[PDB]
Protein chains: 2
Amino acid sequence: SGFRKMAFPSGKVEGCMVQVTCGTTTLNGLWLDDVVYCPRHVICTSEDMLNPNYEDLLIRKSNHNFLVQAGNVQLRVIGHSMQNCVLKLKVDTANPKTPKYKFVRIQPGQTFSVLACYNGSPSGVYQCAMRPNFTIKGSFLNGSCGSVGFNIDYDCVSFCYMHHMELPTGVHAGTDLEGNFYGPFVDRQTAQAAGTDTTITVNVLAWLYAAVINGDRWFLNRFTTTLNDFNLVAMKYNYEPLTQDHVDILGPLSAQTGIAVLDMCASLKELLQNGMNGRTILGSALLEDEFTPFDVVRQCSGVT
Amino acid sequence: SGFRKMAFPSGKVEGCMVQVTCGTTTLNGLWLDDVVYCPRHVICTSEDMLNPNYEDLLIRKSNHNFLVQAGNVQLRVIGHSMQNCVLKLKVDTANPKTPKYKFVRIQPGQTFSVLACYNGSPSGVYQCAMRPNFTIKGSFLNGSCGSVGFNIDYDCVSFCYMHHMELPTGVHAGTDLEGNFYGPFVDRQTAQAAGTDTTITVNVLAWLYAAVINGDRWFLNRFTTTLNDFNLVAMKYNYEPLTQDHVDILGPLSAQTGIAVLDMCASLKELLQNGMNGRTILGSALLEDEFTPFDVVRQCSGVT
Ligand SMILES: Cc1ccncc1NC(=O)[C@@H](c1cccc(Cl)c1)C(C)C
Ligand SMILES: Cc1ccncc1NC(=O)[C@@H](c1cccc(Cl)c1)C(C)C
């Protein structure tokens, strides 16, 4: 009973958080095996951020300039390299708390948990989605850079995001663990605007299935629709177009509830055209799009 | 930038989760030092739950009937006792992962993180509030009993909740770690109805302060009000009455934003009387009441 915006347990990732200082700048690092991953803008001063030349700035840095601290103990840095927008600091000690892990580059619409950190210490955990415009709507302050996004399957942590920046509109941009930004963002203090933040249609449908499973059924109607008819409505409301791939992924939820995917699409269509009329769905007065079909199944079945 | 429903990092609590089996029933236990805490209904069969006599049922149980498993290793049970609605199983090994901890009984309106578990294994973490009717709106399935609610200050985990049951309306009831239920609930499979779920006014005001801090200011108006005038409106909308104690607790947020508490009360009054008019506040189309004034300060300052 009940449906909550649930994050993965953060323990396995807390044991990886370290603090990295280079000169006057301090941010977070992810320590996996004998490597510490961090945003390359740790080498920049506030003035450098306006138009940094990272290759040139990195020439003035040696292994001893990167101060890595895990808890209250200092790690010895024996190598350093730049991979896209991240620095990989080879230390002399493998992290004894390294969980089973993978580096994954997620697609927009996918969700993940963020362990927000400051000075290598965890402050909190929350659930995010990679928006269709490749930004994330997080909660990050100065010092939170190097905080990571991740998913967990059984005992394996799939790291997918590393926080780098905030756009002037209060949204967040970052990279995967190979240092490649999601979207067209650059690690420079320059005005970078986000594109249209469209709604993740398949996630909304998944959340409507979660609602039916938990007893909120008022929005179920007598109508059905087609993929093409639904998508005409989706385009109008800035919703992502729904494909047969999205329909396939909703299969298990459709099977459990007995409500055909296209019937749920017709309920969503009426919700878009008429609104909620002052009503709520799973304690929300808007259509929630940051639960994937996999998140709904996991939460509704008790996957540990 | 940004404001999220953030949970505390769960690692310190993950290291405490164990599985407890008694006969055919399996639920979660909290292992702190050499004691495992769990709901006393672990001794019940499905038939027992209708009208259990826990003292009588416990007579037929010995130390060897409580199977405690931490990960994949079995703990030896050397003592057992019932304290209110929890069982305290003395084991022969102190939990090496026991964090600094306290047992606190929270007041309604206070928030906490829940580490939902099944079979001693963590499934996810989310943020809850103790409702004014002493229920919590969680996400729990069969097997989640024994999952705990907690807050963290620096390195000390304050455990405040242990999950016991779901009411027929899909809301949740449980105890503090001394086994005392929050509210009037009993650990019996009997129809127990919740009272009015009133809105936590001080939390809504705290969240409006968080919104102003993050740039959502459209709801700020030219009005002010008094505690008595505001409370006439609060009574009408099933909001908790606001006291000078609530005003005092909002002091630091009032000081940071420069918006007097009674002015923010007048904005909230207009929001209650006029609605949102299709607009959003911090990505929400309703007035969020599960952030305390302390949660807003912590998130807005970066407390680790
Ligand atoms: C202040 C903040 C709040 C939340 N998240 C991150 C930051 N940090 C920055 O946005 C930094 C930044 C700007 C532009 C590009 C890059 Cl790579 C980094 C810096 C301007 C302080
Ligand atoms: C099924 C579920 C889902 C979510 N949270 C808890 C449960 N568990 C119960 O509600 C149990 C229960 C009922 C009445 C009293 C007590 Cl102490 C325990 C039992 C009826 C299965």
Side-chain angles (χ1 to χ4, degrees), chain A residues 1-3 25-28 38-52 54 84-86 114 116-118 135-147 162-175 179 181 185-192 214 300 302, chain B residues 1-3 25-28 38-52 54 84-86 114 116-118 135-147 162-175 179 181 185-192 214 300 302:
Chain A
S1 44
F3 207 73
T25 308
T26 290
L27 40 59
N28 307 282
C38 80
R40 66 177 183 172
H41 75 258
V42 69
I43 71 178
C44 302
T45 70
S46 296
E47 317 86 81
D48 287 330
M49 292 308 299
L50 307 185
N51 193 15
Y54 292 97
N84 306 307
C85 302
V86 297
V114 167
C117 297
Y118 298 87
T135 69
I136 75 166
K137 286 172 158 160
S139 174
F140 293 113
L141 303 168
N142 186 61
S144 65
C145 301
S147 293
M162 175 167 276
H163 187 50
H164 288 239
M165 68 190 213
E166 61 163 10
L167 300 188
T169 60
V171 302
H172 307 107
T175 70
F181 264 92
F185 305 106
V186 295
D187 47 357
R188 181 181 173 186
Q189 187 177 326
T190 203
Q192 304 179 55
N214 287 288
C300 292
Chain B
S1 44
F3 207 73
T25 308
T26 290
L27 40 59
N28 307 282
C38 80
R40 66 177 183 172
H41 75 258
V42 69
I43 71 178
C44 302
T45 70
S46 296
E47 317 86 81
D48 287 330
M49 292 308 299
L50 307 185
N51 193 15
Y54 292 97
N84 306 307
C85 302
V86 297
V114 167
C117 297
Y118 298 87
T135 69
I136 75 166
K137 286 172 158 160
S139 174
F140 293 113
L141 303 168
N142 186 61
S144 65
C145 301
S147 293
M162 175 167 276
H163 187 50
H164 288 239
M165 68 190 213
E166 61 163 10
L167 300 188
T169 60
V171 302
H172 307 107
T175 70
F181 264 92
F185 305 106
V186 295
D187 47 357
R188 181 181 173 186
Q189 187 177 326
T190 203
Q192 304 179 55
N214 287 288
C300 292

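Labels below follow one simple rule: chain letters A, B, ... track the order of the sequence lines, proteins then strands, and each chain is numbered from 1. Each ligand, and each atom within it, is numbered from 1 in the order the structure gives.
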Dump the pairs for me: ligand 2 N or O, protein N or O, distance under 3.5 Å, to 0.1 Å.
| from | atom 1 | to | atom 2 | distance (Å) |
| --- | --- | --- | --- | --- |
| ligand 2 | 5 (N) | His163(B) | NE2 | 2.8 |
| ligand 2 | 10 (O) | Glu166(B) | N | 3.3 |

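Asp187(B) places no side-chain N or O within 3.5 Å of a backbone atom of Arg40(B) that could act as its donor or acceptor partner.
For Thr135(B) and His172(B), the side-chain atoms include no donor-acceptor pair closer than 3.5 Å. A side-chain N or O of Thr175(B) and one of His164(B) form a donor-acceptor pair less than 3.5 Å apart.
Counting heavy atoms from C-beta outward, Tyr54(B) and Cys44(B) have side chains that approach closer than 4.5 Å. Within the 4.5 Å cutoff, no side-chain heavy atoms of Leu50(B) are placed close to those of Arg188(B). The shortest distance between side-chain heavy atoms of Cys300(B) and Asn214(B) falls below 4.5 Å.
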